[PDB]
Amino acid sequence: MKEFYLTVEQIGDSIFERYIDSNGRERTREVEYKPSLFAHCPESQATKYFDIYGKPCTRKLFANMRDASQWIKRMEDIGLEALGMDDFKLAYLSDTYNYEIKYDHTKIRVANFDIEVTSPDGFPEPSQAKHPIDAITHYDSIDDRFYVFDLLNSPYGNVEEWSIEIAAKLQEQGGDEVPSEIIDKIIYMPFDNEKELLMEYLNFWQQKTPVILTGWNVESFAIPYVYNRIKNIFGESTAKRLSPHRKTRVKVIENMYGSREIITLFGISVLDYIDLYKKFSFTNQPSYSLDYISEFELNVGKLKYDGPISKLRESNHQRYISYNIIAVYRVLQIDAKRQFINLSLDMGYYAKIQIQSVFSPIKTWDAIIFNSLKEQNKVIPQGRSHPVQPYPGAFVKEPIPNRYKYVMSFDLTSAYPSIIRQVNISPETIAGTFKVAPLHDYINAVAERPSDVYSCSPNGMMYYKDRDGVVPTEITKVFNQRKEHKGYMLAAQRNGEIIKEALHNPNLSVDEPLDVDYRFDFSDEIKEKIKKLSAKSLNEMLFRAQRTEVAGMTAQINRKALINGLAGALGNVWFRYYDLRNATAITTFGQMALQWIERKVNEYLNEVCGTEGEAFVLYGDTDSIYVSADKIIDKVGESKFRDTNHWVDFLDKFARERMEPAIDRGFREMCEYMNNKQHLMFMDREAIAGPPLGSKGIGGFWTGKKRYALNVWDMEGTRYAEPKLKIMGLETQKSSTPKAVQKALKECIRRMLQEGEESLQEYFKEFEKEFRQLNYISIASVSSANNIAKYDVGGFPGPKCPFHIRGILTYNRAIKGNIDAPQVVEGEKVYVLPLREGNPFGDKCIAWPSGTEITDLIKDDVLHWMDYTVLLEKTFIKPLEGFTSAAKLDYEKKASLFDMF
DNA sequence: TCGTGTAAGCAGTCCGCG
DNA sequence: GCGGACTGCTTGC
Ligand SMILES: [Ca+2]
Ligand SMILES: [Ca+2]
Ligand SMILES: [Ca+2]
Ligand SMILES: [Ca+2]
Ligand SMILES: [Ca+2]
């Protein structure tokens with residue numbers, strides 16, 4: 001097999017590399033790597049190295065890495081550019097792995113771990129590590145085993161061994177319900193004292209040294225706690241054994257307000273799953289406790305126990321250990337679904353970076369572009385300092401607030417990357433500038449043609465047409481990967497809809513789910529077999545189809561994010577290729593493209609309808625248009641349609657055979673106008689939306705920019721078994737809106753779009769009547785909580801104190817004197833409830849940590865004093881009034897002359 | 001919230017508005 | 001009460 005790296009580090013003048021050799025074995029080596037950097041040289045000096053602008057360079061070979069770094073400093077002192085890759089480990093990987101890396105994940109040691117620490121005096125701070133580590137569960141991907149280290153004797157209690165037999169039993173048998181599929185994979189090790197536990201853990205770690213290290217909050221809690229606890233008991237040298245090279249660094253992570261410390265373990269790649277989830281999931285959750293996320297992702301019930309976690313070990317050690325094990329398994333289950341580890345490895349090896357660098361698109365693209373340029377003997381420019389400067393972004397059309405009955409939407413495939421490719425936007429393809437006219441002059445095609453030689457953006461920039469820039473070249477490669485995975489995702493989605501239809505008529509039989517590849521549209525033979533299957537088999541197939549769709553989603557959406565991140569990075573001062581000329585070239589072209597195509601679509605539709613000046617495009621944001629299809633339907637007449645699916649077919653055909661060719665013609669003209677390198681503006685139909693045929697549903701509505709709802713029958717070629725709501729911006733989509741309120745608002749919208757005014761009125765009346773019965777957590781608002789200390793004046797709200805911070809201050813007064821009560825953590829999320837006048841808490845609201853029950857000390861009082869009237873008005877009635885007034889509809893029945901009977 | 005970009009919505013504070 | 005200036009938060013692209 002071809003060799004591949006596992007980890008790489010610079011330690012002084014040495015590269016430390018862990019890698020898989022050609023026989024599939026893990027090895028470690030120290031290499032005295034001699035880096036090269038570059039300086040500009042005279043034209044007369046023969047060379048094969050050139051900078052990205054074609055200026056010749058001399059290569060400078062250094063005796064060591066320190067000499068290279070010192071040379072960079074002196075070049076700054078002199079005032080001359082020091083060219084080349086200044087991150088020497090990236091240069092090392094580029095030299096050592098000069099080929100597309102093919103990796104074998106089965107050879108990569110992926111460790112998932114979690115620790116328990118009993119603490120009687122509050123949260124056990126990792127920087128202090130003053131309490132014993134009393135449990136570690138460490139899953140190893142190569143062994144496929146859960147290694148359990150269990151402390152039986154502690155100053156906080158002596159306990160009996162954990163029982164695997166009780167652990168396996170149902171909760172109803174008094175067991176812990178540790179999943180049967182992992183029972184045989186547990187290796188249980190009890191210990192008489194903490195010193196022996198930790199010494200054995202370190203010996204185990206030496207034998208099975210993680211390459212990828214993950215878990216939940218491991219970077220912020222488990223790793224620093226373990227490091228500091230070992231450091232406190234044994235000293236620094238022993239704690240450094242967590243690093244295969246015995247090197248660690250306390251790393252200070254800084255943000256807008258305050259900073260925190262993590263421990264860098266040289267030769268390990270830490271990918272904290274909470275951070276993977278936050279970057280790659282595209283959710284925004286009210287809470288990030290493992291319980292909360294596991295319930296959301298897997299539909300598993302919360303791990304239930306009695307009393308505080310600080311007393312769980314002494315009261316129920318059995319459950320304490322089982323829950324530690326299950327917690328590790330839950331992360332593995334989430335990854336089996338979301339496949340974020342697989343993604344990180346794919347992207348990391350593609351870029352040739354430390355795997356943990358996948359969190360940084362700037363680092364990722366720096367590596368990709370460096371490797372690409374190096375292939376041609378080209379030399380990357382030195383990074384420079386730039387002041388942060390604002391620049392313009394996208395155009396968003398102001399919609400007329402209204403109901404919109406029939407709607408078809410269209411948007412550009414990978415808009416900004418497509419613009420980069422079309423225009424040929426790259427640091428080294430800049431050809432010059434032209435005299436800019438107002439944007440509307442380009443939009444309306446009255447401005448003079450920018451260039452007869454170069455490819456242009458309406459911000460004034462001109463680009464070479466003879467050759468592709470490195471940015472277009474590399475962005476295309478990742479775009480092509482994205483396209484492949486999106487294909488699999490959409491096929492799985494379409495396959496899912498087939499199964500859902502079949503589920504209307506399940507067969508009374510005993511059978512098996514079909515062995516199929518859900519990434520490809522089901523053949524006719526598979527469809528016929530599906531129509532004969534039982535509900536059990538069909539539901540298992542639906543589950544598998546949906547898991548395939550999720551896998552495709554992860555792969556495609558994060559590749560989309562990477563290429564969009566390149567366009568964004570051009571506007572970040574820390575990017576080697578930062579250039580506001582290029583950043584603005586993209587965004588300004590985008591504004592033109594949207595408004596240009598709005599004009600073209602309006603022109604086309606006025607032509608087919610025989611009208612003048614009519615606005616068919618009702619809305620657009622960045623790269624999208626929403627087209628009113630009422631007149632198209634009305635030209636045929638609703639009476640002529642057999643059912644809903646019939647008019648959906650008709651609009652689908654109209655979009656594909658009439659609209660898209662017209663859009664394409666419009667964009668081809670624009671490409672010629674701007675003299676672009678290649679026509680790549682592909683604006684495909686997204687949604688077909690409308691009310692069910694013969695209903696009183698309104699179909700859709702807009703309240704304003706970035707705020708709308710559509711009843712969708714077909715999305716990017718997926719024809720739904722049941723209509724699906726596309727809701728954007730509205731409160732149903734905001735993590736701040738209470739859970740039960742999101743649900744109620746969604747049903748209100750569903751009724752508006754599908755059933756009509758009278759149906760909406762019936763539901764409103766019932767919700768208003770019953771909502772006080774809802775569980776307090778389900779009706780609590782949510783907010784991130786920053787700057788608690790800033791607004792805290794002697795425990796009371798200072799000037800301009802935000803509402804949610806006021807709530808936290810209220811909470812803090814109510815729990816004062818308790819070391820056991822949960823503390824609100826700066827920067828994390830809180831639930832928030834309004835309080836009625838004259839409550840014992842002395843203020844108008846209270847807040848507590850999200851994803852948790854409020855502490856028993858105050859729960860009963862909070863419940864008694866909760867202001868249901870304010871809650872309802874703020875979270876439900878106000879947004880609903882917004883929806884209904886926009887839609888020209890009433891949520892309460894108005895009086896009429898009929899009432900007199 | 002360490003980690004690519006901008007546009008833009010709504011909640012709430014403060015305070016003007018005769 | 002509603003708006004504007006402002007902070008804070010969050011979402012859509
Ligand atoms: Ca725990
Ligand atoms: Ca798009
Ligand atoms: Ca059937
Ligand atoms: Ca879009
Ligand atoms: Ca599309």
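Any value given below was found using the heavy atoms of this structure, including those in side chains, with hydrogens, waters and symmetry copies removed. Naming convention: chains lettered A, B, ... in sequence-line order (proteins, then strands); numbering from 1 in each chain.
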Taking only side-chain N and O atoms of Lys829(A), does any of them lie within less than 4.0 angstrom of OP1 or OP2 on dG8(C)? no

With the side chain defined as heavy atoms from C-beta on, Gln733(A) is closest, among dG12(C), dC2(B), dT4(B), to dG12(C)

- Assign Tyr791(A) to base, sugar-phosphate, or nothing according to its heavy-atom contacts below 4.0 angstrom with the strands shown. sugar-phosphate

Reckon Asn564(A) has a side-chain N or O less than 4.0 Å from the OP1 or OP2 of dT4(B)? no

Looking only at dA7(B), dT10(C), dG3(B), the nucleotide nearest the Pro392(A) side chain is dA7(B)

Testing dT4(B), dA7(B), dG8(C) for proximity to the side chain of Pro361(A), the answer is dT4(B)

inquiry  = Is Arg707(A) close enough to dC10(B) that one of its side-chain N or O atoms is under 4.0 Å from OP1 or OP2 there?
reply    = yes

### Task
Using a cut-off of strictly less than 4.0 Å, decide whether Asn284(A) has a side-chain nitrogen or oxygen near OP1 or OP2 of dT10(C).
no

- Task: Answer yes or no for this row: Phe359(A) ring on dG3(B) base, centroids under 5.5 Å, planes under 30°.
- Result: yes

The answer to which of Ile727(A) and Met256(A) contacts DNA chain C further toward the 5' end, by nearest nucleotide, is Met256(A)

request  = Would you mind classifying the nucleic acid contact of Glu219(A) as base, sugar-phosphate or nothing, using non-hydrogen atoms under 4.0 angstrom?
outcome  = base

- Can the positive tip of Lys483(A) be found less than 6.0 Å from the middle of the six-membered ring of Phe682(A), inside 45° of the ring normal? no

Against the side chain of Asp275(A), the closest entry in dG12(B), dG12(C), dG3(B) is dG3(B)

Just call it for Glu254(A): base, sugar-phosphate, or nothing, with non-hydrogen atoms closer than 4.0 Å on any strand.
sugar-phosphate

When rounded to whole Å, the CH2 to P distance for the pair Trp574(A) and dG5(B) reads 12 Å

Describe the nucleic acid contact of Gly704(A) in one word from base, sugar-phosphate, nothing, applying a heavy-atom distance below 4.0 Å.
nothing

Regarding the side chain of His804(A), the nearest nucleotide among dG8(C), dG3(B), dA8(B) is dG8(C)

Answer with base, sugar-phosphate or nothing: what part of the nucleic acid does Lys278(A) contact at a heavy-atom distance below 4.0 Å?
nothing

Self-check item: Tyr257(A) versus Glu826(A), side-chain donor and acceptor atoms under 3.5 Å
Solution: no

- Query: With a 4.0 Å cut-off on heavy atoms, is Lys844(A) in touch with a base, just the backbone sugar-phosphate, or nothing at all?
  - Reply: sugar-phosphate

Problem set entry | Any donor-acceptor N/O pair under 3.5 Å between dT1(B) base and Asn786(A) side chain | yes

Of the listed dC9(C), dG8(C), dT11(C), the closest approach to the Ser783(A) side chain comes from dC9(C)

Which of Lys878(A), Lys746(A), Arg707(A) passes salt bridge (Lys or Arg N to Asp or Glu O under 4.0 Å) with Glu731(A)? It is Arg707(A)

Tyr416(A) OH to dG12(C) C1', in whole Å, measures 12 Å

Looking only at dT4(B), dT6(B), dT1(B), the nucleotide nearest the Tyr391(A) side chain is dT6(B)

When rounded to whole Å, the CD1 to P distance for the pair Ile805(A) and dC6(C) reads 21 Å

Considering only heavy side-chain atoms of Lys706(A), the closest of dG12(C), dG3(B), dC10(B) is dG12(C)

Out of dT4(B), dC10(B), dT1(B), minimum distance to the side chain of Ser784(A) belongs to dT1(B)

| NA contact type, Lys397(A), heavy-atom cut-off 4.0 Å: base, sugar-phosphate, or nothing? | nothing

Taking the six-membered ring for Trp, are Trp702(A) and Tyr626(A) parallel (under 30°), tilted (30 to 60°) or perpendicular (over 60°)?
perpendicular

With north for a positive and south for a negative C1'-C2'-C3'-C4' torsion, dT4(B) lands north

Closest of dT10(C), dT4(B), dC14(B) to the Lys800(A) side chain is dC14(B)

> Within the structure, does a side-chain N or O atom of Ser360(A) lie under 4.0 Å from either OP1 or OP2 of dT4(B)?
Replying inline: yes

Q.
Under a plain distance cut-off of 3.5 Å, with no hydrogens placed, do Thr587(A) and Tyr391(A) share a side-chain donor-acceptor pair?
A. no

Categorize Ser735(A) for me: base, sugar-phosphate, or nothing, with a 4.0 angstrom heavy-atom threshold over every strand shown.
sugar-phosphate

To the nearest angstrom, the CD1-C1' distance between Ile788(A) and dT1(B) comes to 13 Å

Exercise. Please work out which of the three classes, parallel, tilted or perpendicular, describes the rings of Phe221(A) and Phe123(A), given edges at 30° and 60°.
Key: tilted

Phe803(A) atom CZ is separated from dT13(B) atom P, nearest whole Å, by 7 Å

